[PDB]
């Protein structure tokens, strides 16, 4: 049976109560400067549908939206907040975000619409956005009658679900997690996305020209070394040229056919000159297609800015991800690709890019959680953790540590920080599993506290059914009891690793909230632009650098108090590239 609601022609006072479920629908996935196709309000006085052209022009509605004392319950308030920012309208008073609440209760569910979140509580009087708007070449806004009911039902579900969701969160000791961390962070991210990052498109286009030339040269070379032309980007065709025509040895195969990953080519280079050229081609092509052309496609031509969207409710660790464009994987390791960063500049003249990043926050968090005396001492001494690790697993003095030993100790620390298997360590070190397991064993002999933690956490995960982070974020691990080795092993590593990475994510988010509050108190014009891995990236007047050099690291280092210090490195310059 249909749901009753007033399809209003104008805004009335009873639509402006001090508490309501609000829906400001933006159907386009990328909500930047996107259309708001409808509005739904549900409160103690009833259910209402307002046309945006009408509601957004009404002085009273706009003031209600911006009145922090008027509480709103929503789903993905950041989407609405940003869509509104593009229209010069402020959204305040969002006290409950169903998307963020669902995400915290179980990040594995992958809730991405009201219907999905409502299903968690046996509420089904609302359809999935997909069933209403369709998908792909069919994703279109339906007619007003269908549209109005869907938005009203979504608002109605939010209105009904707020209480049950808040109760479970409280039960999980996650109430402050939502209200004091995620929701306030949502507003900060909305500001960051809206501000965007200025791009020097001319510079990006020149690099593109230089890459095109290089690709052309390398391309022809490859054809001459193969004795013919073929689509180098076709791993199928390439495999035929490499493993059939040139008879190179097949050292690795993929479900589909011959493997041609750089991982394989490197080992094949000694056999034929074409390998190196193919590697160089892969590199240049990755920069041309993905970064040069990729970025240029999303830069707004009027402002020359890119406005990323931070998905705050996706990862199971709690880390934020970035899309359209993804500004968390911009080249930096190799100098050629690193140059790409010179294209990210301050949005104003005489402004500079300031970047601060946590130094080894994951291992510091592990030292704290596992209370490993050796590891804690290592950090209290601010030692080079990779050299320290090498010294221990290899039982040698600092001076006896060779570059290769540090490289491997570093690989072992990487495996600990990101939870990779002993097989993954082997693949990483180009050694055998048994050899990899051997290093792991030596590491545990040197850090018994970490060993104890690893064993205890896996046990706790099996007992409770989940693991938690410093700020109470949780991850359910149903596969921890699976009789399938590979499936169970994966769950065990996630049990060990999630409290580590998840806690680092918690800290980073709190630092962002603390930083923005300090920036405002100090009345600084500096503002956040991006959050990437374990770093915060800002831009500000050149006259604020000195104050920022002291303020940012302090705020970030004091976000939480652990058994070891938190350490933050910082740099700043004319472009993102120089913030090194």
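Rigid core: the largest C-alpha set superposing within 1.5 Å between the two forms. Residue numbers count along the first chain shown, from 1.
Of the two stretches examined, 374-382 and 221-229, the one with higher mean CA deviation in 8 other deposited structures of this protein after a rigid core fit is 221-229. Of the two stretches examined, 422-430 and 188-196, the one with higher mean CA deviation in 8 other deposited structures of this protein after a rigid core fit is 422-430. In this entry, the higher average B-factor at the C-alpha atoms falls on 211-219, of the pair 195-203 and 211-219. Averaged over Cα atoms, the B-factor as recorded in the entry is higher for 438-446 than for the other of 438-446 and 495-503. Within the listed group 412, 189, 242, 179, the record reports its top CA B-factor for 242. In this entry, the residue among 370, 278, 477, 356 with the greatest C-alpha B factor is 278. Among the modelled residues of the chain, residue 38 sits in the middle third by CA temperature factor in this PDB entry. When the modelled residues of the chain are ordered by C-alpha B-factor, residue 20 sits in the middle third. Residue 59 sits in the highest third of its chain by CA B factor, as recorded in the PDB entry.
Sort the modelled residues of the chain by CA B factor and residue 259 lands in the highest third.
Residue 459: CA B factor in the middle third of modelled residues in this chain (values from the PDB entry).
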